[PDB]
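> Build me a structure from this.
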Amino acid sequence: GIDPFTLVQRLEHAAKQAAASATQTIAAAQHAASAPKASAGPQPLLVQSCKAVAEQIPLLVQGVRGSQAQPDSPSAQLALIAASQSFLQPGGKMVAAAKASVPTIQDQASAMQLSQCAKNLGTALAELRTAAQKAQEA
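Residues are numbered from 1 along each chain as shown. Shown next is the protein structure:
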């Protein structure tokens, strides 16, 4: 009957919205940066993770597109699964940093924007983290 993609199904969907939400979170985080001007090195965890996440975003989508083309390919599967878990590492950091940086952002627009972005990214990771989990160990 109807046998769908399964496991990679949730990977595709979660990684797409993760990549989307990540980009939005990055654009908000480094828009203001909750870094004080008086110090010897106030490098915001946001921006540090933003650059990390920014390079992981294409990997997600690359994995996604690979899974779309070859859902029955362990090469594409493990690629997406690995990329997902690789994205979670810096991605989760930016989420944690974002929520704590919101109240310390002087620009109200950026603060409220970051709040929504991190809320999306956090939930995106919630999907992706569980998605790759099911696809990996089953």
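
> and the residue lying closest to residue 33 once chain neighbours are set aside, how many neighbours?
Excluding the flanking residues, the one nearest residue 33 by CB to CB, 6 or more residues apart in numbering is residue 44, at 4.7 Å. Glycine gets a C-beta too; all of them are placed from N, C-alpha and C. Around residue 44 there are 18 other residues, counting by other CB atoms under 10 Å.

> Could you check how far residue 44 is from residue 51?
Distance, residue 44 to residue 51, by CB to CB, to the nearest Å: 11 Å.

> Residue 95 too?
Counting by CB to CB, the gap from residue 95 to residue 51 is 15 Å.

> between the two, which one's more packed in?
residue 95 (26 against 13).

> Tell me the buried residues in the host helix or strand of that one?
Under the criterion of DSSP states H and E, residue 95 resides in helix 74-101. The neighbour-count check on helix 74-101 (16 or more other CB atoms under 10 Å) flags 76-77, 79-81, 83-84, 86-88, 90-95, 97-98, 101 as buried.

> what does stretch 106-126 give?
Residues 110-111, 113-115, 117-118, 120-122, 124-125 are the ones in stretch 106-126 that count as buried (16+ other CB under 10 Å).

> And the helices in this structure?
8-32, 45-69, 74-101, 108-136 (DSSP state H).

> Would you reformat those helices as CSV and include distance to residue 38?
Formatted as CSV, the helices of the chain follow (distance: least, CB to CB, whole Å):
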stretch, distance to residue 38
helix 8-32, 17
helix 45-69, 18
helix 74-101, 17
helix 108-136, 20
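
> Residue 39: which of those helices is closest?
Closest approach to residue 39 among those is made by helix 45-69 (14.1 Å; CB to CB).

> The closest one packs against which elements?
Other elements packing on helix 45-69 under the criterion 3 or more CB pairs under 8 Å, 6 or more residues apart in numbering; DSSP states H and E are helix 8-32, helix 74-101.

> Reformat these as a markdown table; add distance to residue 67.
Formatted as a markdown table, the helices and strands packed on helix 45-69 follow (distance: least, CB to CB, whole Å):
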| stretch | distance to residue 67 |
| --- | --- |
| helix 8-32 | 5 |
| helix 74-101 | 5 |
